[PDB]
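Encoded as structure tokens, the following chain is the form deposited in one PDB entry, with no partner shown.
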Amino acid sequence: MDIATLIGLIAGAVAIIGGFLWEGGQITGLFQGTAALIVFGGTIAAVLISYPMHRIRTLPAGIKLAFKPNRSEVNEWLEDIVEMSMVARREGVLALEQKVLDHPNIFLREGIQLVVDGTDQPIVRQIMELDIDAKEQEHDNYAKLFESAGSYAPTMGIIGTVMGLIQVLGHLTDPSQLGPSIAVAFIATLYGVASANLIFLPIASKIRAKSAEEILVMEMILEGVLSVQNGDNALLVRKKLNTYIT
């Protein structure tokens, strides 16, 4: 799926399970039905009450953004905008029209088309910035679902532990029945902390990391289109746009 995530999941499985299996435990004991039902069922219930149904259908798209493989195409687009800046210095805006057309980046294509149509520079900034802020809000809405799950899961673990104790204190006399319960106390803790910390809070973190790269590329394209409209020289254009790339 993606390289840092794949190495992370391998390292996590090998560390946590390899620790336990080495000490002489069996993986069988890490499953307890009621502990799973309280912690996972409770987490899903809190998230479903907290968000409208259309947001939950975005959850598929959120995961797909998090584990999208990297594309270095920002470098190519910097050379494209520099070439177009040189066309604008040499030639009329009609020439830009041909050059911009058929570019695989729609945000750049539209931006340039607004300049060919002769629309005024602060208005071009305004309409482009509306499109960037829409994309930023969309990625924030994905991350907020995973952050919410990571907040509820620990508290459902506390419910599972308190519910477990309520059962064990009931039977301080019957030794046979004690074992099944004291487990649910221990396991319901483990699913609460482990699911929150490894699955949910990392996926939230990764969506925000990948969103920050996407928004920086959009900001660079906006600075490119505005510098083409101003008629800046290619050396200065190259300098400004390079500040966005690392």
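So that there is no doubt, residue numbering starts at 1 and follows the sequence shown. Rigid core: the largest C-alpha set superposing within 1.5 Å between the two forms.
Not pictured, yet referred to below: the form deposited in another entry.
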property	result
Position that moves between the shown form and the other one after core superposition, taken from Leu165, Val116, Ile132, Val124, with Cα shift of 2 Å or more	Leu165
Cα displacement of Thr58 between the shown form and the other one reaching 2 Å, rigid core superposed	no
Residue shift check between the shown form and the other one, rigid core fit, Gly231 Cα at least 2 Å	no
C-alpha of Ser205 moved at least 2 Å between the shown form and the other one on rigid core	no
